[PDB]
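Enquirer: Have a look at the structure that comes next, please.
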Amino acid sequence: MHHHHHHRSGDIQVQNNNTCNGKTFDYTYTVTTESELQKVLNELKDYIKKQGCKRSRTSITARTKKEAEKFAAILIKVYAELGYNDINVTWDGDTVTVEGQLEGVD
């Protein structure tokens with residue numbers, strides 16, 4: 001097979017938008033391989049902690065809802081390191097939109 005990197009294949013567009021957003025340049029990273037996705041979440045998590053009073057939103061381009069599940073398991077994990085292990089997720093299919101839980105427990 002002809003192996004190549006062309007922006008037209010399974011390009012995964014990760015977009016994070018922060019509530020209490022300070023110096024938030026873009027938080028947008030497009031990875032064709034999940035090996036690179038690891039570094040996205042390493043730096044991203046660190047920032048969301050500062051640019052985020054309680055939570056920030058994320059939406060990742062999943063080409064299948066099967067992928068949306070495992071990127072959800074990653075985003076839930078990332079915000080679980082920041083605070084609450086329970087995180088808010090919605091599986092669309094073309095996208096997985098994950099935002100951290102608001103402090104509401106009794």
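FYI, nothing fancy with the structure tokens labels: chains A, B, ... in order, residues from 1 per chain, ligands from 1 as they appear.
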Need the shell around segment 26-33 of chain A: protein/DNA/RNA residues with any atom at most 6 Å away, counting only C-alpha atoms. Skip same-chain ones fewer than 5 positions apart. Format as a PyMOL selection string?

Expert: chain A and resi 10-16

Enquirer: Need to verify the contact set: segment 79-81 of chain A, 10 Å, only C-alpha atoms, exclusion of same-chain residues closer than 4 positions in sequence. Can you return it as an MDAnalysis selection string?

Expert: chainID A and resid 45:46 48:49 55:56 74:75 85:88 98:101

Enquirer: Could you pull out the alpha helix (DSSP H) residues of chain A from DSSP and send them as a PyMOL selection string?

Expert: chain A and resi 34-50+65-82

Enquirer: Between atom CA of residue 2 of chain A and atom CA of residue 67 of chain A, what is the distance, to one decimal in Å?

Expert: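 These two atoms are separated by 24.0 Å.
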
Enquirer: Quick check for you: according to DSSP on this backbone, which residues of segment 28-106 of chain A are classed as strand (DSSP E)? Reply as a CSV table (one decimal) with C-alpha atoms, in the first residue's frame.

Expert:
```
chain,number,residue,atom,x,y,z
A,28,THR,CA,-6.7,23.0,18.5
A,29,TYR,CA,-4.6,20.0,17.3
A,30,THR,CA,-5.2,17.7,14.3
A,31,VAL,CA,-3.6,14.2,14.6
A,56,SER,CA,-13.6,23.3,30.0
A,57,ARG,CA,-15.3,21.8,26.9
A,58,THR,CA,-13.7,19.5,24.3
A,59,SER,CA,-15.0,18.0,21.0
A,60,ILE,CA,-12.9,15.5,19.0
A,61,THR,CA,-13.6,14.3,15.4
A,88,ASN,CA,-19.9,14.8,31.4
A,89,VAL,CA,-19.7,13.1,28.0
A,90,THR,CA,-22.0,12.9,25.0
A,91,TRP,CA,-21.4,10.5,22.1
A,95,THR,CA,-17.7,14.0,17.4
A,96,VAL,CA,-17.4,13.2,21.1
A,97,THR,CA,-18.1,16.3,23.2
A,98,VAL,CA,-16.7,16.1,26.8
A,99,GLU,CA,-16.9,18.8,29.4
```

Enquirer: Could you check the closest approach to residue 105 of chain A for each of A:84, A:4, A:18, A:92 and tell me which residue wins, using only C-alpha atoms?

Expert: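 For residue 105 of chain A, the nearest of the candidates is A:84.
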